[PDB]
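Worksheet: the structure to be examined is printed underneath.
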Protein chains: 2
Amino acid sequence: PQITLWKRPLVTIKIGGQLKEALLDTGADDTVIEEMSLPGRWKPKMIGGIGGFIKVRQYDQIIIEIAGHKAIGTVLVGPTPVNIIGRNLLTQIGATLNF
Amino acid sequence: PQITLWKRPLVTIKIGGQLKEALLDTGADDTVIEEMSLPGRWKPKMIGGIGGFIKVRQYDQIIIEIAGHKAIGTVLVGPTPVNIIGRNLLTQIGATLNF
Ligand SMILES: CC(C)CN(C[C@@H](O)[C@H](Cc1ccccc1)NC(=O)O[C@H]1[C@H]2CO[C@H]3OC[C@@H]1[C@H]3C2)S(=O)(=O)c1ccc(B(O)O)cc1
Ligand SMILES: [Cl-]
Ligand SMILES: [Cl-]
Ligand SMILES: [Cl-]
Ligand SMILES: [Cl-]
Ligand code: NA
C-alpha cells in the first residue's frame, strides 16, 4: 500500500495469536509494545523518548505480522502510551518514505 | 526521493532563518523542535510520548523548508531530545509510507 499521513498510520498487527493496533513509526528505531506475555527470555533496555526514559523488556526473534506482512524480530515490551512499529520491523516489511 | 529505513530518516530543514537536522517522523502528529525563538504569538501546550509529558510553545503559521520543500503549519518548541517533523508538515510535502 501507499499510506498518506492525513491520519495516524495505524495498522493491525498480530503477535501471540492476538490482534492489536499499532502505529507505523519512522521516528522509532525499535518496536515498542504495551505490556503482554511473550515466550522465552528477555534482556533489559532503557529507552528514551520525548518525556524521558522507560525500562522495557527486550524479546528477540518474535513472530509478528504487520498489516498482513510476516516479520520475525525484536520486540520491546513496556509502559509505552501507544504500540509503535519501528524501523527494525518496517525494514522487514519493505517500507520506505516517499515524496 | 525514496528514503529507505535502514538508518534514521534525517533531513536538513530551514526554520526561523536557521538550519537544523530533523527526523521525518510518521509517529508524530505534530512537528516538535528544540528550543529556539520564532516570531509571532504562541500558546502553551503539554505533549506526551515515551517517558511522559513536556511543556512546549505552540506557534501557528510557521514556514519551514524540509529537504528543499516549503510548507507552512504549526511548530511546537520545547525540550525535545530530537527535532521531529510530524504529520502536520509531512502531508504538505506529499510524503507517503510505501510497502
Ligand atoms: C511515541 C510516539 C507515539 C510519539 N512520538 C514520536 C516518535 O516517533 C518518537 C520520536 C522521538 C525520537 C527520539 C527521541 C524522542 C522522540 N520516537 C520515540 O520515542 O522513539 C524512541 C524509542 C524507539 O526506539 C528508539 O528510537 C528512538 C527512541 C528509542 C526508544 S513523540 O515524539 O513522543 C511525540 C508525541 C507527541 C507529539 B504531538 O502531540 O504532536 C509529537 C511527537
Ligand atoms: Cl529486529
Ligand atoms: Cl541511524
Ligand atoms: Cl498545522
Ligand atoms: Cl495527498
Ligand atoms: Na504565528
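Each chain in the C-alpha cells gets a letter, A, B and so on, in the order shown; residues start at 1 in every chain, and ligands are counted from 1 in the order they appear.
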Kindly work out which residues sit at most 7 Å from ligand 1, using only C-alpha atoms and all ligand atoms, and give the list as a PDB file with N, CA and C atoms, in the first residue's frame.
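So result_6.pdb came out as:
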```pdb
ATOM      1  N   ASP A  25       5.902   3.823  12.602  1.00  0.00           N
ATOM      2  CA  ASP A  25       6.633   4.965  13.197  1.00  0.00           C
ATOM      3  C   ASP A  25       8.066   5.044  12.689  1.00  0.00           C
ATOM      4  N   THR A  26       8.282   5.897  11.701  1.00  0.00           N
ATOM      5  CA  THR A  26       9.628   6.047  11.109  1.00  0.00           C
ATOM      6  C   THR A  26      10.550   6.781  12.093  1.00  0.00           C
ATOM      7  N   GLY A  27      10.017   7.428  13.097  1.00  0.00           N
ATOM      8  CA  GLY A  27      10.832   8.068  14.127  1.00  0.00           C
ATOM      9  C   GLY A  27      11.268   7.178  15.252  1.00  0.00           C
ATOM     10  N   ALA A  28      10.932   5.890  15.211  1.00  0.00           N
ATOM     11  CA  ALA A  28      11.321   4.904  16.217  1.00  0.00           C
ATOM     12  C   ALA A  28      12.355   3.952  15.645  1.00  0.00           C
ATOM     13  N   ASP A  29      13.498   3.799  16.324  1.00  0.00           N
ATOM     14  CA  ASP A  29      14.492   2.817  15.849  1.00  0.00           C
ATOM     15  C   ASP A  29      13.928   1.395  16.040  1.00  0.00           C
ATOM     16  N   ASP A  30      13.241   1.199  17.142  1.00  0.00           N
ATOM     17  CA  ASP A  30      12.807  -0.107  17.693  1.00  0.00           C
ATOM     18  C   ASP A  30      11.304  -0.122  17.876  1.00  0.00           C
ATOM     19  N   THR A  31      10.759  -1.330  17.876  1.00  0.00           N
ATOM     20  CA  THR A  31       9.330  -1.605  18.064  1.00  0.00           C
ATOM     21  C   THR A  31       9.059  -1.743  19.541  1.00  0.00           C
ATOM     22  N   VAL A  32       8.053  -1.022  20.017  1.00  0.00           N
ATOM     23  CA  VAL A  32       7.706  -0.974  21.455  1.00  0.00           C
ATOM     24  C   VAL A  32       6.216  -1.220  21.597  1.00  0.00           C
ATOM     25  N   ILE A  47      15.065   2.952  27.324  1.00  0.00           N
ATOM     26  CA  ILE A  47      14.870   3.710  26.054  1.00  0.00           C
ATOM     27  C   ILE A  47      14.352   5.095  26.421  1.00  0.00           C
ATOM     28  N   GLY A  48      14.717   6.045  25.595  1.00  0.00           N
ATOM     29  CA  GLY A  48      14.389   7.451  25.830  1.00  0.00           C
ATOM     30  C   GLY A  48      13.502   7.943  24.740  1.00  0.00           C
ATOM     31  N   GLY A  49      12.482   8.650  25.146  1.00  0.00           N
ATOM     32  CA  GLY A  49      11.564   9.309  24.265  1.00  0.00           C
ATOM     33  C   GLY A  49      11.394  10.761  24.620  1.00  0.00           C
ATOM     34  N   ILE A  50      10.261  11.273  24.243  1.00  0.00           N
ATOM     35  CA  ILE A  50      10.102  12.708  24.282  1.00  0.00           C
ATOM     36  C   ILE A  50      10.179  13.093  25.732  1.00  0.00           C
ATOM     37  N   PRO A  81       2.864   4.621  25.704  1.00  0.00           N
ATOM     38  CA  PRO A  81       1.484   5.118  25.539  1.00  0.00           C
ATOM     39  C   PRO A  81       0.730   4.556  24.325  1.00  0.00           C
ATOM     40  N   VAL A  82       1.522   4.116  23.354  1.00  0.00           N
ATOM     41  CA  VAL A  82       0.973   3.526  22.091  1.00  0.00           C
ATOM     42  C   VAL A  82       1.923   2.459  21.594  1.00  0.00           C
ATOM     43  N   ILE A  84       4.084   0.888  18.918  1.00  0.00           N
ATOM     44  CA  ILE A  84       4.822   1.533  17.813  1.00  0.00           C
ATOM     45  C   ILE A  84       5.659   0.484  17.091  1.00  0.00           C
ATOM     46  N   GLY A  86       8.648   0.198  14.832  1.00  0.00           N
ATOM     47  CA  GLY A  86       9.838   0.943  14.466  1.00  0.00           C
ATOM     48  C   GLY A  86      10.624   0.394  13.321  1.00  0.00           C
TER      49      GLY A  86
ATOM     50  N   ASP B  25       9.103  11.826  10.831  1.00  0.00           N
ATOM     51  CA  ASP B  25       8.529  11.005  11.902  1.00  0.00           C
ATOM     52  C   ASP B  25       7.031  10.798  11.701  1.00  0.00           C
ATOM     53  N   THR B  26       6.686   9.623  11.111  1.00  0.00           N
ATOM     54  CA  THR B  26       5.272   9.287  10.873  1.00  0.00           C
ATOM     55  C   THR B  26       4.514   9.007  12.147  1.00  0.00           C
ATOM     56  N   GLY B  27       5.200   8.734  13.257  1.00  0.00           N
ATOM     57  CA  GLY B  27       4.579   8.505  14.535  1.00  0.00           C
ATOM     58  C   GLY B  27       4.294   9.782  15.308  1.00  0.00           C
ATOM     59  N   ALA B  28       4.628  10.971  14.762  1.00  0.00           N
ATOM     60  CA  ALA B  28       4.378  12.242  15.461  1.00  0.00           C
ATOM     61  C   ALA B  28       3.217  12.981  14.778  1.00  0.00           C
ATOM     62  N   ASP B  29       2.184  13.343  15.505  1.00  0.00           N
ATOM     63  CA  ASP B  29       1.086  14.138  14.894  1.00  0.00           C
ATOM     64  C   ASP B  29       1.595  15.510  14.443  1.00  0.00           C
ATOM     65  N   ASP B  30       2.444  16.090  15.298  1.00  0.00           N
ATOM     66  CA  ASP B  30       2.892  17.490  15.052  1.00  0.00           C
ATOM     67  C   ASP B  30       4.406  17.523  15.100  1.00  0.00           C
ATOM     68  N   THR B  31       4.894  18.624  14.561  1.00  0.00           N
ATOM     69  CA  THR B  31       6.325  18.927  14.463  1.00  0.00           C
ATOM     70  C   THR B  31       6.797  19.558  15.777  1.00  0.00           C
ATOM     71  N   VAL B  32       7.914  19.048  16.285  1.00  0.00           N
ATOM     72  CA  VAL B  32       8.448  19.452  17.619  1.00  0.00           C
ATOM     73  C   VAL B  32       9.918  19.697  17.418  1.00  0.00           C
ATOM     74  N   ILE B  47       2.599  17.967  25.683  1.00  0.00           N
ATOM     75  CA  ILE B  47       2.589  16.843  24.723  1.00  0.00           C
ATOM     76  C   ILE B  47       3.251  15.657  25.390  1.00  0.00           C
ATOM     77  N   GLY B  48       2.718  14.486  25.127  1.00  0.00           N
ATOM     78  CA  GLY B  48       3.131  13.246  25.785  1.00  0.00           C
ATOM     79  C   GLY B  48       3.712  12.257  24.815  1.00  0.00           C
ATOM     80  N   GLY B  49       4.721  11.540  25.246  1.00  0.00           N
ATOM     81  CA  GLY B  49       5.308  10.445  24.465  1.00  0.00           C
ATOM     82  C   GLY B  49       5.868   9.424  25.412  1.00  0.00           C
ATOM     83  N   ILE B  50       6.784   8.574  24.947  1.00  0.00           N
ATOM     84  CA  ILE B  50       7.504   7.636  25.836  1.00  0.00           C
ATOM     85  C   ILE B  50       8.231   8.450  26.908  1.00  0.00           C
ATOM     86  N   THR B  80      12.504  18.828  23.475  1.00  0.00           N
ATOM     87  CA  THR B  80      12.532  17.524  22.795  1.00  0.00           C
ATOM     88  C   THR B  80      13.966  17.077  22.675  1.00  0.00           C
ATOM     89  N   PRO B  81      14.274  15.775  22.834  1.00  0.00           N
ATOM     90  CA  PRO B  81      15.643  15.331  22.592  1.00  0.00           C
ATOM     91  C   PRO B  81      16.118  15.258  21.151  1.00  0.00           C
ATOM     92  N   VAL B  82      15.122  15.288  20.250  1.00  0.00           N
ATOM     93  CA  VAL B  82      15.334  15.230  18.786  1.00  0.00           C
ATOM     94  C   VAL B  82      14.334  16.167  18.098  1.00  0.00           C
ATOM     95  N   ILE B  84      11.776  16.795  15.368  1.00  0.00           N
ATOM     96  CA  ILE B  84      10.790  15.878  14.726  1.00  0.00           C
ATOM     97  C   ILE B  84       9.953  16.644  13.731  1.00  0.00           C
ATOM     98  N   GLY B  86       6.629  16.147  12.044  1.00  0.00           N
ATOM     99  CA  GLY B  86       5.452  15.293  12.187  1.00  0.00           C
ATOM    100  C   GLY B  86       4.512  15.416  11.020  1.00  0.00           C
TER     101      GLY B  86
END
```
Distance-based interface of chain A with chain B, 7 Å, counting only C-alpha atoms, as a VMD selection string: chain A and resid 1 to 6 23 to 27 48 to 54 80 to 81 87 91 93 to 99
DSSP strand (DSSP E or B) residues within chain A, as JSON, numbers by chain: {"A": [2, 3, 10, 11, 12, 13, 14, 15, 18, 19, 20, 21, 22, 23, 24, 32, 33, 43, 44, 45, 46, 47, 48, 49, 52, 53, 54, 55, 56, 57, 58, 59, 60, 61, 62, 63, 64, 65, 66, 69, 70, 71, 72, 73, 74, 75, 76, 77, 84, 85, 96, 97, 98]}
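CA of residue 56 (chain A) is found 26.4 Å from CA of residue 56 (chain B).
One finds CA of residue 60 (chain B) at 8.6 Å from CA of residue 72 (chain B).
Superposing chain A on chain B by least squares over all C-alpha atoms, matched in sequence order, gives an RMSD of 0.4 Å.
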Can you tell me which residues sit at most 12 Å away from ligand 6, counting only C-alpha atoms and all ligand atoms, written as a short mmCIF file (atom, residue, chain, number, x, y, z; two decimals) with N, CA and C atoms, in the first residue's frame?
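Wrote selection-v3.cif, looks like this:
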```cif
data_model
loop_
_atom_site.label_atom_id
_atom_site.label_comp_id
_atom_site.auth_asym_id
_atom_site.auth_seq_id
_atom_site.Cartn_x
_atom_site.Cartn_y
_atom_site.Cartn_z
N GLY B 16 12.99 29.52 10.89
CA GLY B 16 13.39 30.74 11.64
C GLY B 16 14.75 31.29 11.19
N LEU B 38 11.01 31.94 17.72
CA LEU B 38 10.22 32.11 16.49
C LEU B 38 9.43 33.40 16.68
N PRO B 39 9.08 34.07 15.57
CA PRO B 39 8.23 35.24 15.69
C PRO B 39 6.75 34.94 15.88
N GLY B 40 6.03 35.94 16.38
CA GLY B 40 4.57 35.93 16.48
C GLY B 40 4.08 35.36 17.79
N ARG B 41 2.78 35.17 17.86
CA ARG B 41 2.08 34.71 19.08
C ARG B 41 2.32 33.21 19.27
N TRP B 42 2.21 32.79 20.49
CA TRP B 42 2.27 31.36 20.85
C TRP B 42 1.36 31.12 22.03
N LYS B 43 1.11 29.86 22.29
CA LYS B 43 0.35 29.45 23.49
C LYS B 43 0.95 28.16 24.05
N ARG B 57 5.87 25.43 23.52
CA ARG B 57 5.20 26.61 22.98
C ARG B 57 4.68 26.28 21.58
N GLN B 58 3.41 26.54 21.40
CA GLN B 58 2.77 26.29 20.08
C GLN B 58 2.75 27.58 19.25
N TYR B 59 3.46 27.55 18.13
CA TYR B 59 3.49 28.64 17.16
C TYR B 59 2.73 28.18 15.93
N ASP B 60 1.76 28.97 15.50
CA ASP B 60 1.00 28.63 14.29
C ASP B 60 1.54 29.38 13.06
N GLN B 61 1.29 28.87 11.85
CA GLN B 61 1.57 29.51 10.57
C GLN B 61 3.06 29.83 10.47
N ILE B 62 3.90 28.84 10.73
CA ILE B 62 5.36 28.91 10.57
C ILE B 62 5.78 28.26 9.26
N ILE B 63 6.57 28.95 8.44
CA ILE B 63 7.12 28.37 7.20
C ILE B 63 8.37 27.58 7.51
N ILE B 72 3.95 25.16 5.36
CA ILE B 72 3.52 26.02 6.46
C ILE B 72 2.69 25.24 7.45
N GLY B 73 2.85 25.48 8.72
CA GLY B 73 1.98 24.87 9.72
C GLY B 73 2.39 25.19 11.12
N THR B 74 1.85 24.46 12.07
CA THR B 74 2.14 24.63 13.49
C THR B 74 3.48 23.97 13.81
N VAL B 75 4.27 24.68 14.62
CA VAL B 75 5.51 24.13 15.15
C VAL B 75 5.47 24.23 16.65
N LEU B 76 5.77 23.15 17.34
CA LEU B 76 5.84 23.13 18.81
C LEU B 76 7.32 23.19 19.20
#
```
Residue 14 (chain B) surroundings by only C-alpha atoms, 8 Å radius, close-in-sequence under 4 positions cut, as number ranges by chain: B: 18-20, 64-66
